[PDB]
Every structure is written in C-alpha cells, then in structure tokens.
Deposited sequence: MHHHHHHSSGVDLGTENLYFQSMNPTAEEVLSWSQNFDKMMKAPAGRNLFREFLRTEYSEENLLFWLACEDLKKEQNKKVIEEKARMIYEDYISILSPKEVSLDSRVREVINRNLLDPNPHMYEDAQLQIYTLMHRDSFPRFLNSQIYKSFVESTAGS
C-alpha cells in the first residue's frame, strides 16, 4: 500500500518544507529526498534510517534477528557502506547485539536523522530536484 502514497497531492507536498518528520514519513517524500542524497553520495544514511524503521514494526522474533543482523553487516560493520556513528552510540549497539530487539538501533537512528535534518535537508530544499518537484505538483 504505497499505491495510495504513489502520486502525492499538493496538500501533502505543502507540509514537507516546514516538517522534515512529515516528509520522512511519506514514501514519496523519502523517495525524492533519496534522489537528492544520491547526488551527494550520502544515500546510505537514509537507507540505514529506513531499515531501522522496518525493524521497529517487526514482531516475529526470528525475522527481528535476521533484520538486526542485516542492518549490522550493511550499515554498522567495519567490513561498508558504513554510516558515521559516535563510539557512545556504537558500544550501545554492541551490547544489544547478543540479544537483539526491534529498538536496538534507535539512538543510532536518531543520530543519523539529526545529521540529515541539520546538513542534508536544508540543501535539499534549495536543490533543483526539490524545486523542480514542487513546480510539477503545482
């Protein structure tokens, strides 16, 4: 059911510039922002953020473990593809690593969210990708 999110209304699009959180929650918002991040080679930050969102919704124990593993090897391991996290935040992930839960990565997710909001988002709002997008929906 991204089908219903596919082509966003003007009223949906209107709420995004004043609300990064609203945009980050809309599939079409994230997809637009993800194009812009690709041009700055920082896409992985959003992909990590998305994977942490996907892990939170999961409920079956086995798939939580599989997903937590996948996030670690893709975004947190040194061996890639890695996102920049503080040591404080890395050591909390490591302690949560032997007994995984849906909310293991939340401090790391919040750190990368705050970076995107601070550094990436305001350059997104002045990008051609964005301004061209709002121009089309209007």
query: Can you list the gaps, in order, where the deposited sequence has no modelled residues?
result: 1 to 17, 97, 157 to 158
